[PDB]
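Same protein, same chain, two forms; see structure 1 and structure 2 below, as structure tokens.
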Structure 1
């Protein structure tokens, strides 16, 4: 079984050894990171099934993100397998503040009346919490009495009971027991804060990521096609046109403008953590099925994320609901499933990846019986798409071990992946950027190979590479597609059914 559903694993201190000290150990942050040992841990995750690593710029500074990115490069060499590099931005969001005098939280216990400051560039006291609003907007006039301020994915709730004009402070009452922690999302539902289409912090973080070398950018809180277009401009201006942009849909505006966002973007990341707070929690499942169907229909990449194996942050086994959620996401038709704290911050990062790989592999087996996606309803809008439909027909007609595509830019691979064929898809490409770029497409196994010359037999190369990759053996039937001949073909125009020597 080759795992068709791709895994995005968020990296962080959990797999990072510093000075021989593990995450949570006293004096850990004071130490310098141990690159080779940290690299070996990451390589296990690669071998376990991680197809792309996510670097959340919401937390670590550029030195932290850059060193972690460098470590993944050694991990690829240790593993002998390449992975995608994905950058997740802060976005038009609100996040929290530090405490005075050595405090890191207050036993925020239910029923008390306390305060949240709107004054920007400051820090907190037990009776008054400061919002490090991204950039430095003043939201005092945007929030009315009766609004709710939620801290840490909604773990703790604050009701605005009054507004103090003298200090520009909200007087709030704790609705339940919880923890106030730095760089924590703060959600204030039903609130129209006018944040910028692209904040300078995001612009700078993206440029830093582009200099390091990344393949994908996940843009937090995309509200319109404009949020995508601004990032696209930076990628094109810097000569990084190959970078794919995944819009993060996490609010009503992103949902209202979904069709326009899908058209501008290369894919969607269903950011359920913020979405379930910004919109009614009971509507997220409805939106998730609908987003997956729409993104697939557009031949784009969809990632399901947040709380998928949440319990695995503290325990070696996930809950029944967590396994069900990962299984259903695959059935709904997701290209990829994602791990956040489970891989970044948890006690069982490798176990979380292996557990997700096992469920994803089991669920792929039931796509024929229970799968929601319907390739039969699609309009075939181009000759390459007609070929992708034909390949899917071959995989339905007989037992096909592998579909091989010789693709220059990955277009043929994306269309074949879009059709969800009953076969793994080996994408033979001629450059590292195209190869890494296909890593989140459902069922695609990207493989680097020499660009073919006019005198080469591309069918022979496809069989040779598939055999080298260990994906096929003598007697197996494979479907191979290419644009023949090289140098005259305008597009993928040929389908061959071949029995492996």
Structure 2
């Protein structure tokens, strides 16, 4: 079977070889990067079913990010397969500061009374935790008594019991045993810190990514359509209008404004890590199912992210709850599933991609029986969408091995993908930007080909390209769609049912 659900894999040091050493080996960071060895490891992730790589600009400077994108370009030629390039913005992060001295962390007991400083550009002590707030904002007046400062993925709770106006320090009570380490994520739920719609650092990072050549941006902590539209303006200004924007939903404001965000964006990334700290963790599954259905109804892309195979950072096999999570994301209707630390930082990046692909491929077989999405309820709002509905009908009526679309912009492929046909979708397109832009759409196999002329038989081309790719053999039935004839048709207007010779 072809894997219909797409995989986003985050890259990092786990796949990178430095002077013969693997990540974690003593002296690793002493060696220089082995680009070709690193590219060969990335190529195995491609072959195992990674469809797009995520460059997390939360970690690593422009030089590191640029070298990693260059490494991926080599890997595509080794694998003989192209992938999408996705930039993930830092966004409005709050992190613990470095500590006074060599100290990298301190342990605390429940009940201990300590201080959180708001003043920026200072080091932490054990009794006074300093915060690196994005844009060096002053958060003192945005956090009330009774709020919670959560350190390192919500593991250590600090309850704000008092506010000292004279030092702009929070007087906090430690709510549970735990460690405060340097440069760890901080969340302060149910506060409104006036972060800008687009920080200068995120503007800078996006402009650098656009210069290197990306297909997607995932915007961290989208609160409103304005956060999306500010990035859209840079993409249009720089001649990168083809770049697709995924809004990351990871706080209550993003959930409250979801309809206007979906309208502004090309898709949604369900950023469950921050979402499950910022809102009640037991509500994340409710929001996941609702976001998937709304994004599919819009004909846009949804990525389900974070902790999907978390145990595989350290172990070669996932837990039963991780297998269940990946399976259920697919059944809920996700276009794509994602790996973060599992592929970037863990001991088992290749096994993480392989395991996710195996689960994804099994789950796609149960979408007829258990699938939550319901294409029968959609309004068919254009003639290309009417043709997409008819293709889904044909794949419901008989056994169709493949749907082929000859698509200039990918619009027909995206509408067929929206209807989730019981078939793979081969999208024959005529430029690499359209090809890479389809790589996160459910079921879509993008394939670059010459633009057909007025005199070409597009149905013979479709069958020949499908046979070349090894997607079909003698006796298989396929559905082909195209705008016939070239130079007269203004849209996909034709559906052919064809038996492969």
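Positions refer to the first chain, counted from 1. By rigid core we mean the largest C-alpha set that fits within 1.5 Å across both forms.
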{"item": "Between structures 1 and 2, rigid part of residue 106 equal to that of residue 80", "value": "no"}
{"item": "Smaller rigid part, angle turned between structures 1 and 2 (C-alpha superposition) in °", "value": "8"}
{"item": "Once the two forms are fitted on their core, CA shift of residue 161 between structures 1 and 2 in Å", "value": "3.2"}
{"item": "Cα displacement of residue 254 between structures 1 and 2, once the rigid core is superposed (Å)", "value": "0.3"}
{"item": "Rigid core superposed, the C-alpha shift at residue 18 between structures 1 and 2 in Å", "value": "1.5"}
